[PDB]
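Protein chains in written order, with the deposited numbering: chain D, 163 to 227; chain R, 2 to 133; chain F, 16 to 204; chain c, 7 to 68; chain Q, 8 to 145; chain g, 2 to 315. Accompanying notes for the structure given below.
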Amino acid sequence: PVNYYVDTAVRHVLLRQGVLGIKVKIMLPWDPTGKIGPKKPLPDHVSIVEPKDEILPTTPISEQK
Amino acid sequence: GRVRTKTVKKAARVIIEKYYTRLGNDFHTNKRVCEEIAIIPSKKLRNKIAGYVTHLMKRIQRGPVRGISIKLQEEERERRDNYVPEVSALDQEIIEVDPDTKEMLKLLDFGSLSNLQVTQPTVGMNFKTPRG
Amino acid sequence: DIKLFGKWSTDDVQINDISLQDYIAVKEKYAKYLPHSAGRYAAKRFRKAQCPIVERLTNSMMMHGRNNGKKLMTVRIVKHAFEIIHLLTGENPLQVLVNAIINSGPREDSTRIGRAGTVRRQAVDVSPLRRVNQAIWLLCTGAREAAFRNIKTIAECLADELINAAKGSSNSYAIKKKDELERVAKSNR
Amino acid sequence: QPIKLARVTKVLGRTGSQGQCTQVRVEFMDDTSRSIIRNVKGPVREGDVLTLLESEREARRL
Amino acid sequence: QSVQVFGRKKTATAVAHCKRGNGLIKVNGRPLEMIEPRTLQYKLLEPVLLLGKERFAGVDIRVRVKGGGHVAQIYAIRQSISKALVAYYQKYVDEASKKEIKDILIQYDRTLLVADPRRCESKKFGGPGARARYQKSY
Amino acid sequence: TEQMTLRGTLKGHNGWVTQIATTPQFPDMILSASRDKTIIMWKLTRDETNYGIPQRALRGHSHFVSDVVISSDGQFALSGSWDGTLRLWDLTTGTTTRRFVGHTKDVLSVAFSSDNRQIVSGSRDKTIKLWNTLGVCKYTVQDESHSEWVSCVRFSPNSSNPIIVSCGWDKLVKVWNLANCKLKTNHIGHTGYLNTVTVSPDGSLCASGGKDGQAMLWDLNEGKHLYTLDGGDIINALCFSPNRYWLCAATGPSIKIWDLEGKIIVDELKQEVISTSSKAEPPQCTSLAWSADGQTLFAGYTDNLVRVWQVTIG
RNA sequence: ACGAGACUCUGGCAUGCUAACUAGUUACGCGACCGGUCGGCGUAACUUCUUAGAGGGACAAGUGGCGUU
């Protein structure tokens with residue numbers, strides 16, 4: 163994934179004795195993918211989901227649809 | 002060189018502590034239950050997790066796990082914790098008591114109890130380890 | 016079907032190894048015919064034991080820069096003088112081959128021991144695998160260096176080295192180097 | 007020097023200034039009533055028969 | 008549709024199409040025992056005296072070969088022949104002597120049923136070959 | 002009654018078995034779909050040198066075939082693999098004829114129509130398909146279906162109109178008449194994931210059970226309770242006797258057989274060679290069934306073998 | 001938390017599925033002595049090969065042993 167989390171721009175600012183050369187790098191946000199960040203979940207992190215609560219059956223309760 | 006990374010170990014921990022009720026024992030079903038309960042974004046990873054989880058379930062079917070204790074294990078332990086013998090280990094007919102603790106009991110006037118039996122002290126005071 | 020090449024009987028072969036046969040297995044179905052099955056056993060500990068002696072010696076005689084990679088000529092050159100010892104002994108050449116090989120392994124080796132003492136090292140017995148491998152390599156080295164600018168012709172000299180080592184006389188390169196090494200080690204005990 | 011034979015019982019360790027020898031416990035089949043510890047050389051197997059020349063020549067320990 | 012399990016040694020692949028026949032075998036428009044180097048002649052001979060002629064009298068086998076090297080073509084032709092024989096003689100007639108012949112195969116050489124997995128290793132820069140690096144200047 | 006004992010087992014397997022289809026019309030023909038990616042057929046030779054070995058084995062699978070079921074004719078086989086498809090092997094030319102795949106995930110358990118025209122298949126995507134060779138679409142379950150995995154689906158093999166039951170890991174069961182395939186009954190009550198339910202060939206009752214070990218019968222046409230089968234956890238087999246009044250389930254590695262006559266035990270089964278330090282459980286049985294004649298019991302295991310249980314002869 | 005790892009590709013993976021004579025694909029009287037080799041020719045064969053998109057497989061889960069188990 164590290165192939166697609168870098169943005170880079172370059173500029174320079176002027177002193178008389180020398181130039182200050184400014185490279186700007188930014189890491190890309192996975193969370194605001196905007197369809198560019200990978201839709202797929204992060205490889206290492208096993209994206210788990212919150213379990214759902216329900217009543218543990220004690221007496222049979224039957225519904226008709 | 003088959004030491005499990007903390008990522009797969011932690012995945013097994015969170016799976017068996019959060020979604021244990023849905024997992025099965027078979028590896029070949031285990032990666033399927035893994036992909037049902039959570040999302041593994043790779044294949045090698047899901048076999049990693051499935052293999053370790055089979056290891057944990059084999060370990061629990063063997064017996065206790067030193068570092069792992071879940072609510073289900075808590076209730077099964079409290080089921081296994083309630084072992085009550087028919088006869089109390091404390092209620093006995095004759096118990097030995099030194100003369101000094103007989104004096105201690107008599108100071109409270111409970112020396113009249115019949116279950117106490119005198120045991121004479123040891124011959125000498127040979128109770129210290131040699132110095133050196 | 017159960018004999019080597021359809022010519023070398025493997026049923027009434029000699030024991031000849033008491034317990035070194037665990038290293039070299041040429042007395043059962045674990046004995047392939049031709050000394051060529053590709054170098055596929057050199058991928059795990061002790062798979063060399065499965066490999067037949069013939070293939071190992073055929074692979075070995077292909078070194079010294081002038082024999083880098085070319086192996087079919089090695090197979091030809093071993094089958095030649097395999098036939099020579101076979102017809103000079105009249106029986107299955109296995110006994111004479113094994114005799115030559117086991118007479119060449121250096122009985123003991125002077126390994127350098129000690130913190131900084133190089134004036135006295137230890138004479139220790141050599142493992143059968145190291146012994147046989149060194150014996151094969153050193154006799155092949157002698158065969159090669161008896162073939163460059165030498166009136167003898169290669170693919171015939173190794174037959175005489177084999178029969179000489181099987182008998183044990185000191186004319187051979189392999190047993191004489193082994194004996195000089197042995198005497199050096201005996202000095203070192 | 008006559009050569010006697012030994013059999014490995016359990017591999018003990020690997021020794022050597024650069025590492026060439028194996029310390030292993032051995033038993034004699036001809037005696038059958040005693041076991042010693044030999045620092046043999048080379049790739050020794052588990053149970054292979056070891057050709058020792060003497061019963062009193064031992065090298066350094068550790 | 009079809010198995011045609013073929014045979015590969017290194018990069019050299021040989022496939023043996025086997026069908027109902029007289030038992031004779033052809034290798035690339037040619038019978039067997041006329042190989043030019045004729046040093047691996049017994050290597051191609053192997054299967055016939057391993058399993059026996061009584062099993063090689065009812066099947067026509069055609070072998071096609073392609074892949075570099077003298078020896079590399081071999082160790083695959085015989086593997087292809089063996090595995091084609093297993094496939095054909097299993098899918099139709101019986102399974103007991105099938106176990107017998109495959110067991111004989113296994114005890115002689117496991118390579119005759121299952122192929123060699125290991126292949127060439129790619130070369131990385133900075134040296135002549137794959138693992139070897141160039142001489143360091145000093 | 003039968004004393005259901007084992008004489009000697011036969012090896013030669015390379016993976017577990019998933020379904021055993023024994024047919025009564027053919028005396029020696031039997032299908033077995035095994036999750037080693039194969040189908041196999043044995044002929045009952047009944048010899049002492051070998052207790053019976055297969056005559057032909059077929060391998061064309063892409064993954065571990067989940068369930069199998071025979072058609073009317075024996076020259077063709079239909080198998081649904083763990084890749085989620087369905088395929089029709091032919092036993093004459095040794096090559097396939099039809100390949101019915103519409104799903105994306107594995108078809109966990111297949112079932113067949115009573116009249117050899119409907120293909121049903123329930124996958125892990127909470128989707129059940131049921132189509133025909135003719136092309137008239139019958140049903141695909143899309144909306145307001147099971148909330149989680151559906152592990153099986155079976156027919157009612159009676160001479161009346163079939164009704165299907167759909168059971169899954171989400172603890173709830175559903176029943177649909179295939180004549181309409183409309184929502185009529187959803188049944189609640191299990192304490193675990195459903196994997197193997199068993200319907201009698203009558204279409205009036207159907208035992209529902211799974212990993213829970215708390216099995217309750219759910220009738221196909223009425224939907225009530227009949228019995229409360231309990232025992233050890235993790236049960237993946239249930240089957241009655243069509244020709245008699247027995248019943249048997251595979252509760253874990255062990256096997257529990259009772260009566261549909263009185264629900265009492267006929268013979269407790271326990272076989273093991275005693276070993277000093279052996280900390281592994283005996284071989285595990287996954288599926289149970291009857292012979293083509295009922296005198297012998299088929300027990301499909303997870304240990305690459307199907308145990309045939311016969312009478313002790315004495 | 002970064003790094004290690006997982007991750008990507010790569011030989012093992014069509015033993016089943018996406019299917020072009022332009023590269024290859026047993027069937028099809030001729031040519032050859034009269035029944036067996038030409039890659040020059042003919043079921044537009046419903047792709048096993050080397051041509052590849054999906055899917056699958058292996059995980060120290062199997063066993064034995066060692067380990068403060």
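The beta-carbon is built from N, C-alpha and C at its ideal position, and this holds for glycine as well.
Residue span of the beta strand (DSSP E) that contains residue i, given as start and end
{"i": "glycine 19 of chain c", "result": "10-21"}
{"i": "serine 80 of chain g", "result": "77-81"}
{"i": "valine 18 of chain g", "result": "18-23"}
{"i": "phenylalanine 241 of chain g", "result": "236-241"}
{"i": "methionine 217 of chain g", "result": "216-218"}
{"i": "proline 38 of chain Q", "result": "Run containing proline 38 of chain Q: none; DSSP gives neither H nor E here."}
Cutoff 7 Å: residue i Cβ touching any chain F Cβ
{"i": "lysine 50 of chain Q", "result": "yes"}
{"i": "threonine 20 of chain Q", "result": "no"}
{"i": "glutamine 114 of chain Q", "result": "yes"}
Unbroken alpha helix (DSSP H) run spanning residue i, endpoints
{"i": "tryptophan 152 of chain F", "result": "143-160"}
{"i": "residue 223 of chain F", "result": "It is not possible to answer for residue 223 of chain F, since the shown part of chain F is limited to 16 through 204."}
{"i": "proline 54 of chain Q", "result": "48-58"}
Option nearest residue i by Cα separation, candidates the options
{"i": "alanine 65 of chain c", "options": "c:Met35, c:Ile9 and c:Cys27", "result": "c:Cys27"}
{"i": "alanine 13 of chain R", "options": "R:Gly125, R:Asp27, R:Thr55 and R:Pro65", "result": "R:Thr55"}
{"i": "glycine 253 of chain g", "options": "g:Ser209, g:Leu227, g:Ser288 and g:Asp260", "result": "g:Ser288"}
{"i": "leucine 52 of chain Q", "options": "F:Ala174, F:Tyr56, F:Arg60 and F:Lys47", "result": "F:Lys47"}
{"i": "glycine 48 of chain c", "options": "c:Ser41, c:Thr57, c:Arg40 and c:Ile42", "result": "c:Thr57"}
{"i": "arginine 69 of chain Q", "options": "Q:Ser89, Q:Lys16, Q:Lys98 and Q:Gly133", "result": "Q:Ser89"}
{"i": "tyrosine 302 of chain g", "options": "g:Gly95, g:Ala290 and g:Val151", "result": "g:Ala290"}
{"i": "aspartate 213 of chain g", "options": "g:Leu230, g:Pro202, g:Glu223 and g:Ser201", "result": "g:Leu230"}
{"i": "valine 111 of chain g", "options": "g:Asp203, g:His191 and g:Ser152", "result": "g:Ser152"}
{"i": "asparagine 305 of chain g", "options": "g:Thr39, g:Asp29, g:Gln26 and g:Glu3", "result": "g:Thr39"}
{"i": "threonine 168 of chain F", "options": "F:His95, F:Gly120, F:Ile17 and F:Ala57", "result": "F:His95"}
{"i": "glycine 80 of chain F", "options": "F:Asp175, F:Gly129, F:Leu102 and F:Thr156", "result": "F:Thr156"}
{"i": "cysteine 240 of chain g", "options": "g:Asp234, g:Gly123, g:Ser292 and g:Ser114", "result": "g:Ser292"}
{"i": "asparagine 15 of chain g", "options": "g:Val102, g:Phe65, g:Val174 and g:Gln26", "result": "g:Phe65"}
{"i": "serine 124 of chain g", "options": "g:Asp84, g:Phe113 and g:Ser33", "result": "g:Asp84"}
Residue-level contact to chain g via CB, residue i, 7 Å cutoff
{"i": "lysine 130 of chain Q", "result": "no"}
{"i": "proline 213 of chain D", "result": "no"}
Backbone secondary structure at residue i - three-state DSSP
{"i": "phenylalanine 65 of chain g", "result": "coil"}
{"i": "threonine 8 of chain R", "result": "helix"}
{"i": "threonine 229 of chain g", "result": "strand"}
{"i": "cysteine 182 of chain g", "result": "coil"}
{"i": "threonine 104 of chain F", "result": "helix"}
{"i": "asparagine 133 of chain g", "result": "strand"}
{"i": "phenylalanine 299 of chain g", "result": "strand"}
{"i": "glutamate 33 of chain c", "result": "strand"}
Within chain F, the residues that residue i reaches when beta carbons sit closer than 7 Å
{"i": "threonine 57 of chain c", "result": "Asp140"}
Partner residues on chain D for residue i, Cβ-Cβ distance less than 7 Å
{"i": "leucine 184 of chain g", "result": "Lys227"}
{"i": "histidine 226 of chain g", "result": "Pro222"}
Where residue i meets chain D, residues with beta-carbon distance less than 9 Å
{"i": "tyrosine 20 of chain R", "result": "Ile210, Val211 and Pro213"}
CB contact check: residue i to chain D, cutoff 7 Å
{"i": "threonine 120 of chain R", "result": "no"}
{"i": "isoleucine 41 of chain R", "result": "yes"}
Chain Q within 7 Å of residue i, Cβ atoms only
{"i": "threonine 98 of chain g", "result": "no"}
{"i": "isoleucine 41 of chain g", "result": "no"}
{"i": "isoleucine 54 of chain g", "result": "yes"}
Interface partners of residue i on chain Q, CB under 7 Å
{"i": "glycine 95 of chain g", "result": "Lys98"}
Partners in chain c for residue i, counting only beta-carbon separations shorter than 8 Å
{"i": "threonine 126 of chain F", "result": "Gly22, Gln26, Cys27 and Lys47"}
Residue i: contacting residues in chain g (beta-carbon distance under 8 Å)
{"i": "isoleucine 223 of chain D", "result": "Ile189 and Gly190"}
{"i": "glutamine 142 of chain Q", "result": "Correct list: empty, because the minimum Cβ distance to chain g is about 52 Å."}
Min CB distance residue i to chain R below 7 Å
{"i": "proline 205 of chain D", "result": "yes"}
{"i": "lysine 201 of chain D", "result": "no"}
Residue i: contacting residues in chain D (beta-carbon distance under 8 Å)
{"i": "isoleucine 50 of chain R", "result": "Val208"}
Contacts that residue i makes with chain R (C-beta to C-beta distance below 8 Å)
{"i": "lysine 127 of chain g", "result": "Going along chain R, no residue has its Cβ under 8 Å from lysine 127 of chain g, so there is no contact; the nearest lies around 11 Å."}
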